[PDB]
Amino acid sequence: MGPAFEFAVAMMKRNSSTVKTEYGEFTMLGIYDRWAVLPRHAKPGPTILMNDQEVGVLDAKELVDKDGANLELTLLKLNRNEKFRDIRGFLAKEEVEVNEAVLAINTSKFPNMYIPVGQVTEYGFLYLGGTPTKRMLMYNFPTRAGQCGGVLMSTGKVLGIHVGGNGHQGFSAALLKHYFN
């Protein structure tokens, strides 16, 4: 658990930011170049607040699989002058299962917070507010209304982005290497 935590803290300090869209406040993870990821529910507009600064948005892609199934992620390309530290090496080629994970949240209502959630298993397909969603990962999480965007991590791995739960389990969209390029 402790190595997962030490990994998550460093990762978050290097690659995360707090974002505000018109739909609420979220944790954002920068991935490489100018591309970051948000849960789909953040619905970024042409402009966002990133760490309380206005940043333009050049492109947003709502991700679906090869047959149009929802993946519940939005990739966004930011008009900034800095690049993100490339972390594509920490993203897996397929859904990750792990014995001990930590969910990290970085928002003005949850500033730098970390939750041990224990074991992660690949759940795959489910309904999420009625919408058929694929490639979900599941773990223990006495759950909230939103507080989503969290980043799901274990030692040396970035697993996914927290997109919701049922009150007893939490669900993350698997964050796969091939989404990027």
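We number the residues from 1 along the sequence you see.
- Between the stretches 32-40 and 47-55, it is 47-55 that shows the larger average CA temperature factor.
- For the two regions 66-74 and 142-150, the entry's Cα B-factors average higher over 142-150.
- Among the modelled residues of its chain, residue 136 has a C-alpha B-factor that falls in the lowest third according to the deposited record.
- The deposited CA B-factor of residue 118 belongs to the middle third of values across its chain.
- Among the modelled residues of its chain, residue 180 has a C-alpha B-factor that falls in the highest third, as given in the PDB entry.
- Residue 167 sits in the highest third of its chain by CA B factor, as recorded in the PDB entry.
- In the deposited entry, the Cα temperature factor of residue 110 sits in the top third of values across the chain's modelled residues.
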